[PDB]
Asks: 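Below is one structure. I have some questions about it.
So you know, we letter chains A, B, ... as the sequences are listed, proteins then strands, and number each from 1. Heavy-atom basis, side chains included; hydrogens, waters and symmetry copies ignored.
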Amino acid sequence: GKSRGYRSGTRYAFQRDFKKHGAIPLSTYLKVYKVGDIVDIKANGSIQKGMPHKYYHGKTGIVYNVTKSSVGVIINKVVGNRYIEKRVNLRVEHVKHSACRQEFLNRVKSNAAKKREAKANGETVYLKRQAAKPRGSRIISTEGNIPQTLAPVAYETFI
Amino acid sequence: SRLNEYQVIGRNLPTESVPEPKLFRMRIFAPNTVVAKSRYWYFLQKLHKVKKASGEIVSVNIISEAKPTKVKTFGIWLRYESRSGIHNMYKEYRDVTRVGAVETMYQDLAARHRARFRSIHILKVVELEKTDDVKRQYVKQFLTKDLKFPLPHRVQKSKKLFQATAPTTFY
Amino acid sequence: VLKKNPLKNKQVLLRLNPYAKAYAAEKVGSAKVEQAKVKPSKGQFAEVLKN
Amino acid sequence: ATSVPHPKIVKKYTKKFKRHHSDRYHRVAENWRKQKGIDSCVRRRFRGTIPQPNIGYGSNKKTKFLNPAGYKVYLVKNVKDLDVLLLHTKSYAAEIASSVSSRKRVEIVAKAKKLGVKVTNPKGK
Amino acid sequence: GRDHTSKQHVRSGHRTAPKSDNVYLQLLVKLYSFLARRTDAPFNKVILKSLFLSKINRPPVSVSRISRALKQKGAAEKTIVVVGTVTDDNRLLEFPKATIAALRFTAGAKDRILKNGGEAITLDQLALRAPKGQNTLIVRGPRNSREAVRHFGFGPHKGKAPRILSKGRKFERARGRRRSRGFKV
Amino acid sequence: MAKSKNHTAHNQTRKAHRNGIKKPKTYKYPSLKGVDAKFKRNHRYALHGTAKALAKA
Amino acid sequence: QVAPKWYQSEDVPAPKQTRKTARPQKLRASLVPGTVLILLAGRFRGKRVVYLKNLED
Amino acid sequence: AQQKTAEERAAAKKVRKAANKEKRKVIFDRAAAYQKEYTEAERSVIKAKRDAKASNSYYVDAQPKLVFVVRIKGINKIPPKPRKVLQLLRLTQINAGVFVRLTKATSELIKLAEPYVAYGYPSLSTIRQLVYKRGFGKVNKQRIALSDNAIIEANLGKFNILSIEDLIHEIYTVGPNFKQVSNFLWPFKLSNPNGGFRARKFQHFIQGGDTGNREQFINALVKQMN
RNA sequence: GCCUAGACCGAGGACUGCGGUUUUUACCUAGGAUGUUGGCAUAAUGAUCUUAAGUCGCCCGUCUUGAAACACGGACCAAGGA
RNA sequence: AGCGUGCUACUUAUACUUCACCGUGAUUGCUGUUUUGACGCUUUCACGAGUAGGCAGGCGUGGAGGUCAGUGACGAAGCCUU
Ligand SMILES: [Mg+2]
Ligand SMILES: [Mg+2]
Ligand SMILES: [Mg+2]
Ligand SMILES: [Mg+2]
Ligand SMILES: [Mg+2]
Ligand SMILES: [Mg+2]
Ligand SMILES: [Mg+2]
Ligand SMILES: [Mg+2]
Ligand SMILES: [Mg+2]
Ligand SMILES: [Mg+2]
Ligand SMILES: [Mg+2]
Ligand SMILES: [Mg+2]
Ligand SMILES: [Mg+2]
Ligand SMILES: [Mg+2]
Ligand SMILES: [Mg+2]
Ligand SMILES: [Mg+2]
Ligand SMILES: [Mg+2]
Ligand SMILES: [Mg+2]
Ligand SMILES: [Mg+2]
Ligand SMILES: [Mg+2]
Ligand SMILES: [Mg+2]
Ligand SMILES: [Mg+2]
Ligand SMILES: [Mg+2]
Ligand SMILES: [Mg+2]
Ligand SMILES: [Mg+2]
Ligand SMILES: [Mg+2]
Ligand SMILES: [Mg+2]
């Protein structure tokens, strides 16, 4: 007999972290979520109300609705050959702000500051990020660092 | 293969913690510098916590034979893998170049032990200065005084398919 | 209607690269280099021979 | 060539595309038919099987429809039919229909000779 | 061999000519093929494309749409261009004086336009008084108001019209349309 | 007698990638379906008053 | 049969301007007047003859 | 009428040639300057190596910034990710070559396609021979031979590329407009090597095959295939 | 940079372009073969048919994952036949 | 002419390169010279496997409206035929 219940296969996914069982620290209940916020979804096993389905465990989405104890999150799920918009109601214990926003918003602030200061100094600045480039030429000093010659070692048994 | 001896020098990439990492040199017998730098990283990752991604090649130089027209005897110390285990061995070769002795070694372990290039580590190639350093008789027999030998049964190669005279093998 | 190789056709070579004429006239392909007779490896770079 | 000058006429395939096993069976006529069978060696183009008609064998558009003498052949059934070839005597030749009587054919040959029109079948009856 | 990143030998998927064999529509396509090929006015390229369209892609334009387009700010004396039929609207209380160029006019539409002091001209008369489409305003009829579009994309919770021959209480109203009869979709 | 293949996902990603996998289109205004009724109710009055103020201005 | 049309002209276009300006023949270094030659073809094949002059043909 | 238009054409061509003389002087000067900087860079690197040798040091060369990638594998039986990678490198046939500017992103791209390509660091003469013999531009999604500097100017003149030597320089010294210049270049369609490959292509160059990075032997391979 | 041996091809069809040499509103090798000589037109040349030789070529149609199959229909031909 | 290994040359797929031709798709231009074909002419580039299946353009047959003032007992139709 096959079993395909709601929480099938969530034995380790919905477990609490080792030595992290019990009461929820209240910064979880003090965070503020607004419509449009990007939030990660991670089911907390100790709160069984408002719990996400196992598909959304590990997914990141957009807050679209704010209720008394919960947020509505928009997820895009692949169903066959396209994506379907899913609207999941989650209690805030299963939700955390996504850290990718604060990094991109910081690059936006930094670009605005650099551009305005470069305009003040009358020069130009290039704001596009660059991939790591091959390193340039260089001279390696050998004072105190004369090359040491290595050789492959013979075979030995150590048991 | 047809090989050259290379001096490959490399190091770990400098860090703010360690701005002058130690330089390591290896003598590599490779057909070209692409295999020379590959073999270098192959042995450094067997001997040090380093990778090609976290390291840097500093120098690749050909090491030419000092006396390419002086007949020498070389002792080569090897570490090769067989079908069953891993073995150390020492063998001797007569040649005028160190590279040509290593080339003979690779042919010889291919012929006598079915050991491919990938299964062989050259631990050491040493030119034996003293005649007493020669341990193996198959090369010790050419260090005798006033060595002479004929070449009986000479076979002459013909340009034509048919020959009008009886073959001979004098020489 | 017919592509002509500038590496074979001299007229196409001059049409594309007018500097090929100066390169040939000035012998840039066989230019001698004036320098001193030096050998900078006599010292520690003889670390190549042995180490 | 006595006609309007043309490039050398190339026929990519000069034989006849004969239907598979029109040599094996009398009931199978040589008229080309495409094999539709699931296992057919010809439909699957095994080495050694017959060539098959495809658009790659198409004739050069500049030499297409020209007989070896360089003319396009137009079928003529009466003397008034030669009137459409008056200004095309060096590119079009007239071919007299088989069902034209020996009398009307003599009249067509005489008028074609008068007009300078070439006749592809000038002898028959 | 080639590793094709797209499908080979694909037709554009757009009409390059009218499907119609009307010789006079072909003459209009001739005139605007020349204008689109030679005037640099985007109007002529739009008109040339619109002359290829099928009947459902050229919905009738009521004389009320024209009245509303002429009631745009600064558009009272523009030339209204309809590549299609202009129909009458007996719900208008009044119609202005306007110049309208169309493929066809109904008797009521043309009568009203001329009654109010306007002109009802063809697209060839348009090409002479406005060879670059100067001071024109293209008006298109509603495409999604067609009855066939009511049934497009029918499905559960889609709100479209079922394909049905009779209408009444006994025709597709019970189970699946009502919670008292099972479910509702 | 009638034992056949039970299940297979073979060829399913190929079929999904012939015409997919297409991301959904984004629009400036998402639908407010499923948004809290109390908020939606008040937001109606707020938009109506904003439109009146801009119209008068 | 397909009758000829009025637009099927019979006029022969002129050839384009050819850029094949001839340049003189370059003979082998061994062909010097007074050289004894061996004829390989023709009626006098196999005959040893004296070479005298290079004609403009 | 024909003779009248010939006189007008002759006058207009006189004026056009007079105007083009200045542009050709400009590109002549540019080509001479590029040659000078090539020679100076070569001598500078040689001098730096000699100086490091003299001063008990080791000059480490600058890592190559440019690579020429040749697809030496057919179009059958390719897994989806390297297949997509080869398509994004515009290597959609065997013996197709492209210039790639080395960064982390492009290096990680090439690593996925490594079992199907042979690539390396191209010399200036190799680049020049490729562009001269098999250089084509992408003009309105059509493959147009680079037979005249006007073709290059009309498509890359907004990027200060006015000549085939400007294009070659922009490729060789990986320039600020490398993206536009290399994408304007249609993928090079090379022949098979004159002399063949090694006995078995589809194994790394280090192991005696042909795929992967061969690093200066791409020039010998290109000499074979172009 | 220079010299040198051979093979395959000659699409296009007034001019127009880009260059080069300029002794020049001229010429060029520079937006695709011309010049010259011989032979032939009772024919050298081309096509097809028959046949030999070399090489390859299993019986079609069908159902099937898989048919030349030791799976099934088919002796032959005409007319009819979905 | 076996086994292990290295090297040089060489052989040849409907694959790759250059060129010719067919078709498909795209693309340049064409009305005071559009000029009795603009559903036409023309420039350029790329591409071509295919069962089930879809579509397009054509070949052929009996009969019908129109037209060729069409062929024909001075031989229609049919049939045989390197
Ligand atoms: Mg966990
Ligand atoms: Mg409960
Ligand atoms: Mg089959
Ligand atoms: Mg192909
Ligand atoms: Mg009923
Ligand atoms: Mg009930
Ligand atoms: Mg099944
Ligand atoms: Mg060869
Ligand atoms: Mg091989
Ligand atoms: Mg020709
Ligand atoms: Mg056989
Ligand atoms: Mg069956
Ligand atoms: Mg059955
Ligand atoms: Mg079975
Ligand atoms: Mg079968
Ligand atoms: Mg059997
Ligand atoms: Mg049976
Ligand atoms: Mg049965
Ligand atoms: Mg039977
Ligand atoms: Mg029948
Ligand atoms: Mg052997
Ligand atoms: Mg071949
Ligand atoms: Mg096909
Ligand atoms: Mg089929
Ligand atoms: Mg009937
Ligand atoms: Mg009669
Ligand atoms: Mg008869």
Side-chain angles (χ1 to χ4, degrees), chain B residues 1-2 103 106-117, chain C residues 1-4 9-12 14-16 18 24 27 29-30, chain D residues 7 10-12 14-16 20-21 24-27 35-41 43 45-49 54-61 68 77-78 80-81 97 99-104, chain E residues 1-2 4 8-12 17 26 30 33-34 37-38, chain G residues 5-7 13-23 57, chain H residues 2 5-7 9-11 13-14 17 20 24 74 93-95 134 139-144 147-150 189-192 225-226:
Chain B
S1 296
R2 173 74 206 133
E103 276 162 11
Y106 274 122
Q107 298 294 96
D108 188 75
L109 280 71
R112 294 180 140 96
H113 306 280
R114 316 297 171 175
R116 275 79 172 173
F117 176 96
Chain C
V1 302
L2 169 76
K3 187 173 185 319
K4 305 198 151 157
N9 214 302
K10 310 185 194 304
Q11 280 317 296
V12 180
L14 296 169
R15 172 210 299 168
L16 280 166
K27 300 318 286 171
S30 294
Chain D
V10 168
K11 316 279 209 195
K12 291 173 184 171
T14 53
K15 305 262 202 317
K16 289 284 276 157
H20 187 44
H21 295 288
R24 182 179 291 273
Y25 307 110
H26 185 87
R27 64 182 178 266
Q35 288 309 304
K36 313 290 200 328
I38 56 178
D39 292 336
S40 189
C41 58
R43 191 270 299 164
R45 293 182 208 123
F46 287 6
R47 184 184 75 187
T49 53
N54 60 74
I55 203 65
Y57 291 105
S59 281
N60 195 335
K61 289 189 290 296
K77 308 213 181 69
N78 62 7
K80 197 179 158 301
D81 273 355
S99 57
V100 180
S101 55
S102 71
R103 271 188 304 167
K104 189 163 295 192
Chain E
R2 303 279 183 274
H4 295 304
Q8 295 305 109
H9 306 129
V10 166
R11 293 173 302 273
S12 51
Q26 296 174 161
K30 208 147 317 194
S33 279
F34 178 83
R37 191 172 47 87
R38 185 177 293 275
Chain G
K5 304 284 154 41
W6 64 264
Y7 49 74
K16 275 170 144 277
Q17 296 298 109
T18 300
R19 291 179 185 172
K20 300 304 169 181
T21 288
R23 292 192 296 271
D57 193 0
Chain H
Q2 284 164 359
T5 198
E7 293 179 353
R9 274 169 188 160
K13 166 186 166 183
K14 182 64 70 177
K17 187 156 286 301
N20 287 343
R24 277 184 79 74
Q93 59 154 88
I94 202 177
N95 301 333
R134 309 193 178 270
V139 188
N140 294 291
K141 306 180 182 194
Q142 300 201 338
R143 185 176 170 259
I144 305 308
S147 49
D148 187 74
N149 287 324
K189 313 197 314 160
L190 311 172
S191 175
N192 281 321
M225 302 176 64
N226 171 80

Asks: Does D81(D) reach a base, just sugar-phosphate, or nothing at all? Heavy atoms under 4.0 Å.
Replies: nothing

Asks: For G1(E), which contact category applies under a 4.0 Å heavy-atom criterion: base, sugar-phosphate, or nothing?
Replies: sugar-phosphate

Asks: Examine the base of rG48(J) for any acceptor or donor lying under 3.5 Å from a partner atom in the side chain of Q8(E), and report the outcome as yes or no.
Replies: no

Asks: Return yes if the base of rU44(J) and the side-chain atoms of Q142(H) contain a donor-acceptor N/O pair under 3.5 Å, otherwise no.
Replies: yes

Asks: At under 4.0 Å between heavy atoms, what does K15(D) touch on the DNA or RNA strands: base, sugar-phosphate, or nothing?
Replies: sugar-phosphate

Asks: Answer yes or no: side-chain N or O of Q26(E) and base N or O of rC39(J) forming a donor-acceptor pair under 3.5 Å.
Replies: yes

Asks: Base, sugar-phosphate, or nothing: which does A97(D) touch, judged by heavy atoms less than 4.0 Å apart?
Replies: nothing

Asks: Hey, does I144(H) reach any base, or is it just sugar-phosphate, or nothing, if we go heavy atoms under 4.0 Å?
Replies: sugar-phosphate

Asks: Got more than 12 heavy atoms from elsewhere within 6.0 Å of NZ, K13(H)?
Replies: no

Asks: So which one's nearest nucleotide on RNA chain I is more toward 5', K13(H) or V12(C)?
Replies: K13(H)

Asks: Once you apply a heavy-atom cut-off of 4.0 Å, does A24(C) come out as touching a base, just sugar-phosphate, or nothing?
Replies: sugar-phosphate

Asks: With sugar-phosphate meaning primed atoms plus P, OP1 and OP2, does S12(E) contact a base, only sugar-phosphate, or nothing at under 4.0 Å between heavy atoms?
Replies: sugar-phosphate

Asks: Per the atom types in the model, does the base of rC15(I) pair as donor or acceptor with the side chain of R9(H) at under 3.5 Å?
Replies: yes

Asks: Does any donor-acceptor pair link the side chain of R24(D) with the base of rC59(I) at a separation under 3.5 Å?
Replies: no

Asks: Does the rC47(J) base have a donor-acceptor partner in the side chain of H9(E) within less than 3.5 Å?
Replies: yes

Asks: Which is true for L190(H) with a 4.0 Å heavy-atom rule: it touches a base, it touches only sugar-phosphate, or it touches nothing?
Replies: sugar-phosphate

